[PDB]
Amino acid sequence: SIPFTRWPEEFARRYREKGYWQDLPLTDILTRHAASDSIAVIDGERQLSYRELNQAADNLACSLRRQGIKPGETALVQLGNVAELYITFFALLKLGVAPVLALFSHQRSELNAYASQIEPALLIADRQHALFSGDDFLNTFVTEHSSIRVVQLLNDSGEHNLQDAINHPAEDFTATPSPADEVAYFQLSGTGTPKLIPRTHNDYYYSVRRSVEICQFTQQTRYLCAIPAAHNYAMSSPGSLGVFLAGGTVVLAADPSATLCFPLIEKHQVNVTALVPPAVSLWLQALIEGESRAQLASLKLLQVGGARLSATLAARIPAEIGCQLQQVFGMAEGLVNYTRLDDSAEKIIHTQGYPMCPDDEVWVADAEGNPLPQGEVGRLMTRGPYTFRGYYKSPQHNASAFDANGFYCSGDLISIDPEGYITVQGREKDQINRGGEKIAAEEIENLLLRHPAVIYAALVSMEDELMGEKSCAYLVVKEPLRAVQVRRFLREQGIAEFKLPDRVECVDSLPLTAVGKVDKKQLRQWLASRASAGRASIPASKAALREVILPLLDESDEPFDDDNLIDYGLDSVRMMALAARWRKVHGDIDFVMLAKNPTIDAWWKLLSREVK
C-alpha cells in the first residue's frame, strides 16, 4: 500500500455508517456509463462518447500493463486541458496506479520535486510542452529518476507515442483499482517544498458525489473547462469528474479568455462553467466593450472560486453575464464551501458558502487556539469525511499542520454567519494568491537567495485590480539588480512562469529574525513605516511643496503660486491630511490654518518658518 494518514477508526466507521464512504473505486464514475453513446468529452473538433472514453482508458491501462507497469506503483503526468488528461486519469485508476497530475505550467523544479517524492515508474508528458519539445530534458529527467521505466508522450510520432497506446484495443483486461479506502491519487498543495495530498477513493468520490448533488449536475449539464483541468476546482468541485458522474458533457478550452470561451459556450451551449475572478473581470470587460451576451444565453451557472471575489464584482454577474453566481471556497486539503442555487442574491454576493457536508466540522480559532463565538473573525479549523489527515510523507510538517484533535489549519481567517455561512476575511499562511495559482513565499525566497548578489529576500503580496494579488520581492543586494534580471534568473531555475516576481524592490536592509532570515511578521509594520517616512518629509523648497500639492489637485489645470487651491480642486480631507503631517514640524499648523489661506505661497510661508 501507499503510505497515507488514515482517519481514526471511530471516524472511518462514522463516515462509512453515514454513507459518505461507499467503498466504490473512482473508476465507477466512468464505468457506470461504459455503454452510453452520449457525449462525454469535447475537445476542439474531437468528441468522445462515454463508451469511447471508457474503452480508451481500458486501452491505455492495458498498453501500460503490457509495458510492465504494475499496481501499487506511481506516475507523474503533465497534460493540460486535453481529452487525454481524462483518458490517462481513469486508465491509471483502472490499473491501480496513483498519479500526480502536474500543472501544464510546471517546469523542471516542480517536475523534479514531485518525481523525487513519489518515485514514479511512469511518466506521461506532452511534446507541446517546451521541456518536451526535444529530447534533452527527458533524457536527463529519466536518468535522474531511475524509477521511471515507461514514458508516453502526447503529440509524439515515435516509439513513445501516447496515441498508439490509447488506440491499441485492450486484450483480456481486468481493471485492478486500489482498494477504495486507499490512495487513488496525489493532489497538489497551495512552505518551500511542494507538499502532496494523498486522496483515497472514498473521500474523493464523496467530495464529487456531494458536489454533483449541490450543483444539480445531470446528463443535461454541459460544463466548460477552461481553467486548469488538473486543479481540484476544475477536476472535482464538482468539475469534470462531477460532469462525468452525472453523464453530462465536458467542453475543454486551452485558457479562459473571452475570445476563446465565448464562442465555445455558444457553439456547445455550455450551461455551467468555473472561473477565477481575474477571468471574470476579463469576461465583463469584453462584453462592456462590445461582445454580445447572446453568445452566453445558454449559460445557467457561473462558479467563481480560488480567490476572494469582491461583492462589487460578485454582483455584476447576474446583472451583466445573465446567470446565477455560485461562490465556491475550496482547498485541495479537503473542505469545499459552496453557495446554493436557492440562496438569495444577498447570500450569494457576500458570503463564500457553507460546507458541503454536515460532518464537515469548522471552528474559528484565535491565536491562543480558542473557539470564538459565531460572528467573530479568526483561523479556520476543519476535519471531515473528505479532508485529508496528512501530507504525503511529511510527518514533521503534519505535526505542525494539525491540532491535537486532528483539526487542520487552512491558513485562512474567516468569520462564520449566524446562519452557517463563511465569509473569508484574510489569510495567515504565507502565500501569494496570484489569480488562483498559489505561490509559497518560502520557495521563491530560497531561489532568490541562490543568486550571488542577493543576501536577504522577502516575497509579499500586493493588491492588483485584475489578478487579485501579485508578488513583490524585496531584496537586499551586494550589487543593484533590475527586476528584469531577477525574473530572468528565476526563469533559469526552471520554475513556473506565474512564480516570477511581479515587482522587485531593492533595499539597503530588512527586518531580520534570529536564524538570519527575514522577519515577515514585522515586515508588515516595517514596510508601513518606510512608506510613511518619505511621506513625513516636509518640503525644503517652495518647489518641493509644489511637487506634493499638484498630484492632489485637478490634473487639468496647473495653479499659480498665489491661486486659491480649492479652485483647482483641492479637497478638504487631503488638506486635513497635509496639516496632520506638517504639524509634526511646526506644531501650530492645523486644518483651519491651511484653509484660511490655501495657496502655495501662504503654505510655503508657514512651512519655511524656523521651528519655534
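The first residue of the sequence shown is number 1, and the count goes up from there.
According to the PDB entry, the deposited sequence contains 1 to 3 residues between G190 and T191 that lack coordinates. As recorded in the PDB entry, 529 to 537 is the stretch of 529 to 537 and 322 to 330 with the greater mean C-alpha temperature factor.
The PDB entry reports B-factors from which the mean C-alpha value can be compared for 544 to 552 and 64 to 72; the larger average falls on 544 to 552. Across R503, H268, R127, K438, the greatest Cα temperature factor reported in the deposited entry is at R503. When the C-alpha B factors of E84, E182, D417, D255 are read from the deposited coordinates, the top value falls at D417. Placement of the Cα temperature factor of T273 within the chain: lowest third of the modelled residues, per the deposited record.
For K393, the recorded CA B-factor ranks within the middle third of the chain. Only modelled residues enter the ranking. Split the chain's modelled residues into thirds by C-alpha temperature factor. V585 is in the middle one. Ranked by Cα temperature factor within the chain, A307 sits in the middle third according to the deposited record. For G468, the recorded CA temperature factor ranks within the middle third of the chain's modelled residues.
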